[PDB]
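Asks: Protein chains in written order, with the deposited numbering: chain S, 1 to 262; chain X, 1 to 262; chain AW, 106 to 262; chain AR, 159 to 210; chain Q, 1 to 262; chain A3, 2 to 98.
For each residue, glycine too, the CB sits at the ideal point set by N, CA and C.
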Amino acid sequence: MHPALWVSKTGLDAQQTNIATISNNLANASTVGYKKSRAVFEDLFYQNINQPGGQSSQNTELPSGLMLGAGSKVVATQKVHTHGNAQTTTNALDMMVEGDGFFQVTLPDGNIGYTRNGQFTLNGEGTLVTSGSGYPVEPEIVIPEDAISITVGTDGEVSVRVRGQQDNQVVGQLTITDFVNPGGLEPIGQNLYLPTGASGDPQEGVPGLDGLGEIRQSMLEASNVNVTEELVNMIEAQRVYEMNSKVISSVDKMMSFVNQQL
Amino acid sequence: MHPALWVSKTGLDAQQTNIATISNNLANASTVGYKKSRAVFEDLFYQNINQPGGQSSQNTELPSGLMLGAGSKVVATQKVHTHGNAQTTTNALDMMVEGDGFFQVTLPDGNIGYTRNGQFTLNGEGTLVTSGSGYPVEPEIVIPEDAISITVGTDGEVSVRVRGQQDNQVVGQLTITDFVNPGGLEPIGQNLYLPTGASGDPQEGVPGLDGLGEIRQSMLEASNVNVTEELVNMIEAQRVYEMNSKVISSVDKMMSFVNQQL
Amino acid sequence: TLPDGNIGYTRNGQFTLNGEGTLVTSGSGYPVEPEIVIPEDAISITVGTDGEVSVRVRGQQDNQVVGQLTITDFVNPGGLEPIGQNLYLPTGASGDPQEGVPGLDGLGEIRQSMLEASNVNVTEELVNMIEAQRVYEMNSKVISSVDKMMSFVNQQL
Amino acid sequence: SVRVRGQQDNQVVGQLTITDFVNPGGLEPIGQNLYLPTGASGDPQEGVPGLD
Amino acid sequence: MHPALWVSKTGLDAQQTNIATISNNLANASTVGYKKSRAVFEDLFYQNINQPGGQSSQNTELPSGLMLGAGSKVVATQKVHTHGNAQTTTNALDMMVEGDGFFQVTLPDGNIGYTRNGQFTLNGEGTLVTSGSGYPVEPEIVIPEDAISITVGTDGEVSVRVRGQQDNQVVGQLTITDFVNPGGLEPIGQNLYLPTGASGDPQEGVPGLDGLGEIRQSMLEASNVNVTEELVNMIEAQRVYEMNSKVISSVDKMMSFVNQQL
Amino acid sequence: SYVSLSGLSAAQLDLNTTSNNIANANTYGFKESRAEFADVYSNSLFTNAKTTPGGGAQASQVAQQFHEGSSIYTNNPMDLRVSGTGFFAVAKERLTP
Numbered sequence: 001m002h003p004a005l006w007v008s009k010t011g012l013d014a015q016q017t018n019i020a021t022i023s024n025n026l027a028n029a030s031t032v033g034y035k036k037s038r039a040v041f042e043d044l045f046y047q048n049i050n051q052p053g054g055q056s057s058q059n060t061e062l063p064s065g066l067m068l069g070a071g072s073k074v075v076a077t078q079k080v081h082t083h084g085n086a087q088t089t090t091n092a093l094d095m096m097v098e099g100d101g102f103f104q105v106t107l108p109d110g111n112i113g114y115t116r117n118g119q120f121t122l123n124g125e126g127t128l129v130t131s132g133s134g135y136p137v138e139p140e141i142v143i144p145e146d147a148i149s150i151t152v153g154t155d156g157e158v159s160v161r162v163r164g165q166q167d168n169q170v171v172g173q174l175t176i177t178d179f180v181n182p183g184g185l186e187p188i189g190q191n192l193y194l195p196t197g198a199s200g201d202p203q204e205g206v207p208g209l210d211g212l213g214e215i216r217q218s219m220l221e222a223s224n225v226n227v228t229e230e231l232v233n234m235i236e237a238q239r240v241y242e243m244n245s246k247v248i249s250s251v252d253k254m255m256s257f258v259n260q261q262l
Numbered sequence: 001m002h003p004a005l006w007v008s009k010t011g012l013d014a015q016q017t018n019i020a021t022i023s024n025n026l027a028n029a030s031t032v033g034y035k036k037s038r039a040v041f042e043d044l045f046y047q048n049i050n051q052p053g054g055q056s057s058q059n060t061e062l063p064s065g066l067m068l069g070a071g072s073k074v075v076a077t078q079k080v081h082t083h084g085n086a087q088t089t090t091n092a093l094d095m096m097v098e099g100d101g102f103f104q105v106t107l108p109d110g111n112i113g114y115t116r117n118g119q120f121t122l123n124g125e126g127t128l129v130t131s132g133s134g135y136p137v138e139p140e141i142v143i144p145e146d147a148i149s150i151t152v153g154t155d156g157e158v159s160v161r162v163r164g165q166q167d168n169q170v171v172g173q174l175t176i177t178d179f180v181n182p183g184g185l186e187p188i189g190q191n192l193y194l195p196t197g198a199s200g201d202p203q204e205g206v207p208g209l210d211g212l213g214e215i216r217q218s219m220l221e222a223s224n225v226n227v228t229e230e231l232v233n234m235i236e237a238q239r240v241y242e243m244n245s246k247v248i249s250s251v252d253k254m255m256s257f258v259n260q261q262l
Numbered sequence: 106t107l108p109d110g111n112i113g114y115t116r117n118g119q120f121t122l123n124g125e126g127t128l129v130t131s132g133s134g135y136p137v138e139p140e141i142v143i144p145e146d147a148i149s150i151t152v153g154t155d156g157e158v159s160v161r162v163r164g165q166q167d168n169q170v171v172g173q174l175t176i177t178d179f180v181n182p183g184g185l186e187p188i189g190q191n192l193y194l195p196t197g198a199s200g201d202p203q204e205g206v207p208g209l210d211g212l213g214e215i216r217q218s219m220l221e222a223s224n225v226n227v228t229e230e231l232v233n234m235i236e237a238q239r240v241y242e243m244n245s246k247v248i249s250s251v252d253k254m255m256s257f258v259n260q261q262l
Numbered sequence: 159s160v161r162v163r164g165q166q167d168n169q170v171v172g173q174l175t176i177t178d179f180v181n182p183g184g185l186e187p188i189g190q191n192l193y194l195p196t197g198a199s200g201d202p203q204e205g206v207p208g209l210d
Numbered sequence: 001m002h003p004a005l006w007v008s009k010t011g012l013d014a015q016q017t018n019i020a021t022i023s024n025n026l027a028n029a030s031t032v033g034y035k036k037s038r039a040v041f042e043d044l045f046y047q048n049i050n051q052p053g054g055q056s057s058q059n060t061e062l063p064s065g066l067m068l069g070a071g072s073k074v075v076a077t078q079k080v081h082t083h084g085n086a087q088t089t090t091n092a093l094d095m096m097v098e099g100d101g102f103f104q105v106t107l108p109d110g111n112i113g114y115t116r117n118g119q120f121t122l123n124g125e126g127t128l129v130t131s132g133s134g135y136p137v138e139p140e141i142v143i144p145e146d147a148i149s150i151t152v153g154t155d156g157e158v159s160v161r162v163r164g165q166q167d168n169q170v171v172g173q174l175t176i177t178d179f180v181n182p183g184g185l186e187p188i189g190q191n192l193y194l195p196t197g198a199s200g201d202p203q204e205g206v207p208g209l210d211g212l213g214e215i216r217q218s219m220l221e222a223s224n225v226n227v228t229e230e231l232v233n234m235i236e237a238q239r240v241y242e243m244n245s246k247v248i249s250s251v252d253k254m255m256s257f258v259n260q261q262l
Numbered sequence: 002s003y004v005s006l007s008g009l010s011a012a013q014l015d016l017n018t019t020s021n022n023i024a025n026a027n028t029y030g031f032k033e034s035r036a037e038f039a040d041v042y043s044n045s046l047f048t049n050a051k052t053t054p055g056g057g058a059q060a061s062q063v064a065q066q067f068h069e070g071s072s073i074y075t076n077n078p079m080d081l082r083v084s085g086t087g088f089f090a091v092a093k094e095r096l097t098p
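#1: Hey, quick one: how far does the alpha helix (DSSP H) through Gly11 (chain X) stretch, first residue to last?
#2: Mind checking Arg163 (chain X): buried by the 16 CB within 10 Å criterion, or exposed?
#3: Looking at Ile176 (chain Q): is its Cβ nearer than 8 angstroms to the Cβ of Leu212 (chain Q)?
#4: Could you check how far apart the C-beta atoms of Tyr193 (chain X) and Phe102 (chain X) are, in whole angstroms? I think they sit under 8 angstroms.
#5: If you run the structure through DSSP and keep just helix, strand and coil, what is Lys246 (chain Q)?
#6: Using DSSP bridges, identify the partner residues of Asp178 (chain Q).
#7: Which runs of the beta strand (DSSP E) fall wholly inside the stretch 118 to 150 of chain Q and span at least 3 residues, in chain order?
#8: For a test of the three-state rule: what should DSSP assign to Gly189 (chain X), helix, strand or coil?
#9: Could you tell me the boundaries of the alpha helix (DSSP H) in which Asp15 (chain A3) lies?
#10: Starting from the Cα of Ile150 (chain Q), find the closest Cα among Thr97 (chain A3), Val91 (chain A3) and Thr86 (chain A3) and give me that residue.
#11: Could you tell me the boundaries of the beta strand (DSSP E) in which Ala60 (chain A3) lies?
#12: Specify the secondary structure class of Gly197 (chain AW) as computed by DSSP and reduced to three states.
#13: May I have the straight-line CA-CA distance separating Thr106 (chain AW) from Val170 (chain AW), to the nearest angstrom?
#14: Shortest alpha-carbon distance to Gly134 (chain AW) belongs to which of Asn24 (chain X), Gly184 (chain X) and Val240 (chain X)?
#15: Cα-Cα, which of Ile235 (chain S), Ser37 (chain S), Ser64 (chain S) and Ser250 (chain S) is closest to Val80 (chain X)?
#16: Can you tell me whether DSSP reads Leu231 (chain S) as helix, strand or coil?
#17: The ligand GTP and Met254 (chain S): does any heavy atom of the ligand fall closer than 7 angstroms to the residue's C-beta?
#18: Does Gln78 (chain X) come out as helix, strand or coil in the three-state DSSP assignment?
#19: Mind listing the chain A3 neighbours of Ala76 (chain Q)? Cutoff is C-beta to C-beta under 8 angstroms, in chain order.
#20: Tell me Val158 (chain X)'s beta-bridge partners as DSSP assigns them.
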């Protein structure tokens with residue numbers, strides 16, 4: 001009914017999405033290998049009442065035209081893929097990618113899901129699986145019941161030590177996948193990513209050559225969320241949200257006054 | 001029917017445009033690289049009943065005449081292109097222009113657009129693009145898959161570090177374009193501008209010479225809207241809007257009285 | 106400077122630049138007299154109290170003067186003919202336009218980054234509307250009474 | 159003038175002109191907000207709309 | 001609409017700049033060689049309704065007149081160029097100017113910038129540069145690769161020791177620049193100043209002589225901000241801010257009342 | 002409010018640097034880090050100067066001060082110390098130098 005009513009609706013919508021993004025970051029303040037997200041704001045189209053640069057008289061043009069905006073919106077949720085701090089643990093089956101790279105696990109549908117989480121465990125058959133839903137890790141790493149200790153090298157070589165045998169028994173070789181644009185991956189939950197069109201082709205190789213990161217045994221990657229940043233962004237978003245509520249309230253009072261008078 | 005009806009009606013239209021501008025400024029209170037706007041008011045023409053300065057006797061002229069105003073309108077929306085504050089970020093792909101200058105991107109139709117938002121990213125091919133619709137940045141900055149870090153110099157020289165090689169390899173050079181009258185640009189939304197007649201010829205160059213601004217990596221430019229100004233301007237606009245309705249309400253009562261009496 | 110050629114006079118100070126760098130108004134785009142052209146090598150713009158417009162240039166101390174603003178006064182400002190667009194035209198009763206530096210010979214001073222709000226008294230206009238409405242309605246009573254009197258005479262006489 | 163995408167600066171497609179009369183009351187109204195010049199209306203004075 | 005609205009707006013604008021001035025002083029409490037700013041308030045022009053000292057009648061005059069002020073504004077943000085405290089450090093490349101003077105560096109554009117921060121380092125060629133953006137220090141000081149230690153004297157003479165050789169081989173001479181009015185310098189960020197008209201002509205010379213300060217090696221100059229003063233000034237600036245909002249709040253209620261009644 | 006956010010971020014970075022320094026108190030060969038900051042000030046053609054409320058506080062870089070640290074004694078020949086300026090060279094792969 002009124003242009004300022006629709007413009008502030010877009011402002012309220014953007015701030016609700018911004019707060020929801022912050023609420024998701026603070027919820028995942030202890031999740032292993034979680035990458036924080038930031039909402040990206042952009043203004044909407046401008047209505048063209050007076051054209052800037054239109055020739056009003058010869059040798060004279062409008063220095064600035066009457067262009068009314070349509071509000072603002074949140075256009076994207078950017079996953080900030082900066083490295084998180086390392087947690088030192090006594091577990092031997094939890095790993096970490098020091099640098100670029102994603103662990104690859106086999107989803108039930110058949111595809112491969114890429115994860116930054118390193119919390120792994122064993123299934124009944126001894127296959128190295130995720131500590132959550134239990135997805136097998138690509139390539140499969142089966143630890144025989146003849147082993148007394150598991151050591152995973154920097155280059156991803158999984159080796160176990162056999163009792164009564166003075167020699168490491170190599171039982172696997174982990175390969176990690178890097179993406180040119182990891183922020184373009186589609187988060188599907190459960191600390192898993194799926195490749196997308198803008199993510200780029202998956203490039204797989206040995207973990208430590210050709211720009212890939214290193215596998216760190218007995219170490220976990222913390223989330224990169226900054227609780228100080230999220231709370232300050234929470235306060236700012238709450239005020240901007242209340243800014244557009246006053247504009248709607250003023251427009252609401254304006255229309256009520258006109259109804260009574262006009 | 002009555003001059004006060006037409007005179008005050010332009011006042012109602014003038015304030016609605018003003019309130020729409022204020023709402024748009026408050027909606028983009030978190031938009032990165034947003035420039036606030038102010039409605040430019042001017043009065044309409046005057047009906048020349050008696051010409052001031054017209055000779056009455058022959059030695060006595062009219063010191064002030066009867067000239068009736070027609071109202072007021074918002075003739076232009078001036079964008080104040082003053083810099084916003086700087087937000088420090090850990091992301092290495094988002095930049096800020098300290099000083100005059102505009103980043104240039106490639107619109108889908110082929111024309112070159114100009115922006116102040118610095119929130120960039122990479123696409124599937126590694127080219128530096130925007131974080132919204134994904135438009136490429138001119139000149140194209142393709143990040144090699146062998147890079148381990150990204151550094152953007154003050155002079156716009158994008159450099160990356162490669163393992164096994166000292167003397168970081170330069171992969172591109174960003175250029176910014178300044179405008180004599182940035183307020184004369186046509187805002188097409190999506191934090192983008194288009195050159196116009198009064199905008200001026202796009203002058204391109206290295207970011208930091210000949211008056212051009214400097215590129216600050218890992219830093220963002222906040223919106224320059226003043227939340228205090230917009231809310232107080234909302235107070236002024238609302239009251240003047242209601243008072244112009246008082247005249248129209250009074251004129252309506254006057255005509256109702258005349259219909260019953262005359 | 107008006108498109109026809111004559112010089113118009115205004116009190117609104119919302120100015121800007123055009124593509125050529127000349128100082129123009131923010132509305133229709135009329136250049137401000139005298140022409141003030143801002144160089145593209147300028148990093149800031151400062152307007153002195155006396156109208157001396159200067160710009161700062163990197164690599165050079167003592168910011169370079171780019172022009173000089175002149176303001177015009179009138180003995181009787183009420184005699185100006187308003188042509189709209191916040192502009193006035195001199196008339197016979199306005200007086201001969203006296204020009205000079207803004208701050209000498211009784212002229213005002215140019216305050217930068219500042220605007221002059223309207224001087225209307227919103228409360229008075231609402232009171233004036235009340236008085237004007239009632240007198241307008243009361244004059245209708247006399248015409249209505251005269252109408253009924255002539256109706257009575259036509260019926261009777 | 160018209161604003162054309164892909165081209166900086168508005169291109170001019172033409173220029174309107176108006177006519178002034180010495181005695182507008184001498185015109186002959188023919189309806190539809192239209193007037194016909196007559197003998198007493200005067201001589202149609204064309205020109206640039208805003209000068210003279 | 002109402003004079004008290006515009007007068008109180010200038011009060012809110014003035015206090016916002018004063019609070020923003022203090023908020024920057026708090027942010028740069030740990031910046032080496034930072035000089036605090038002060039906000040200077042001054043009232044605006046006065047509306048001359050009745051001229052004080054007019055002529056009420058012969059042999060009498062108006063003692064005081066009716067002149068309404070237009071509000072207040074922050075006319076300048078004055079830099080307080082007093083010396084901060086001294087920090088002792090183990091690094092031999094950070095120096096402190098004990099007294100008047102500024103270090104000089106070469107900006108990328110070509111002009112010479114002036115800094116009070118002493119955190120310097122070396123580049124790959126051994127030339128002394130700053131520890132931030134890496135600007136070379138004027139005059140260029142090149143530390144030979146055969147140097148075993150670096151000593152900078154009071155008079156700015158940089159000397160190094162070569163193994164197997166007595167005496168200090170002088171590698172260069174540091175020169176500091178003084179200004180008559182250091183408050184007139186234009187800060188361009190990165191702890192750098194550019195000389196303006198109000199600053200005066202730069203005067204160079206050897207440190208410790210001709211009135212200039214002395215170069216104290218392995219020492220730094222902390223910021224001169226007084227957190228006690230900033231916090232106290234913050235409270236006062238907030239109280240003036242809230243009492244200005246009361247007038248706008250009061251005028252809003254008055255204008256609302258007149259709309260309902262008149 | 003953004004300047005206060007910059008100040009908070011700078012202080013938090015300094016806290017992180019100090020905490021990292023303290024945590025590495027026991028590791029051998031570590032060099033302490035120092036946090037350096039610079040003022041942030043940004044002006045346009047259209048912004049009134051004279052009045053320059055600064056742009057806050059900007060972190061410059063985390064330094065890696067290389068002052069010599071003290072020595073302990075193990076009485077083990079396989080432990081070596083470089084007295085003065087110098088570094089050891091260690092290759093990830095035996096073959097490639």
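Replies: Reading off the structure:
#1: Where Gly11 (chain X) is concerned, the enclosing alpha helix (DSSP H) stretches over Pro3 to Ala27.
#2: exposed
#3: Taking 8 angstroms as the cut-off, the Cβ atoms of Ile176 (chain Q) and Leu212 (chain Q) count as close.
#4: 7 angstroms
#5: helix
#6: Per DSSP, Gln203 (chain Q).
#7: Correct list: 120 to 122 and 128 to 130.
#8: Collapsing the DSSP output to three states places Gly189 (chain X) in a strand.
#9: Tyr3 to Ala24
#10: Nearest C-alpha to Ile150 (chain Q) among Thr97 (chain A3), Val91 (chain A3) and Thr86 (chain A3): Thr86 (chain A3).
#11: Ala58 to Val63
#12: coil
#13: 22 angstroms
#14: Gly184 (chain X)
#15: The option with the nearest alpha carbon to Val80 (chain X) is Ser64 (chain S).
#16: helix
#17: By its list of ligands, the structure shown contains no ligand whatsoever, and the ligand GTP lies outside what it can speak to.
#18: strand
#19: Near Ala76 (chain Q) (Cβ distances below 8 angstroms), the residues of chain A3 are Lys51 and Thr52.
#20: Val152 (chain X) and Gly172 (chain X)
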